[PDB]
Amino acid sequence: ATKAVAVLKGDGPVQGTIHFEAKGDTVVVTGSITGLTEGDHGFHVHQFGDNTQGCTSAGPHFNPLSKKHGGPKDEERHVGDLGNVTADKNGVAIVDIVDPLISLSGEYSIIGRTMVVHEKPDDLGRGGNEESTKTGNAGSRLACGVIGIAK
């Protein structure tokens, strides 16, 4: 696809709309999240677009290359690692990212997979424990939604 959208909902107060657009070899992600705790939050594309068990059935981070977790700027990261989204003190996160590893077509396409906003900030694989290397210690998945094709 050329454009996609994810509608995030959870069993909690967090919610939001994420838009994605193909611009060359990169993906531009925009949109907002409200209902969040002030500060930073991991934001990642989880591999399955399965909402049968809420956010739990979306599986792990999408990593077709079997790499360790990292930040959006690391060579060593999961295809779905988009770091953190920051909320202001009213709980609003303004997502603005341009990322060259995710894709709306081909092998690394994220269409049909899950976008998840996490309970805690992402450590970016730099925390010193096993759990940092697979999820960034981001804890709990607050809201998620299957990425689908859009206008």
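The first residue of the shown sequence is 1; numbering continues from there.
In this entry, the higher average B-factor at the C-alpha atoms falls on 82 to 90, of the pair 82 to 90 and 101 to 109. When the C-alpha B-factors of 120 to 128 and 37 to 45 are averaged, 120 to 128 comes out higher.
Ranked by Cα temperature factor within the chain, residue 9 sits in the highest third according to the deposited record. Sorting the modelled residues of the chain by their CA temperature factor places residue 26 in the highest third.
Ranked against the other modelled residues of its chain, the C-alpha B-factor of residue 64 as given in the entry falls in the lowest third.
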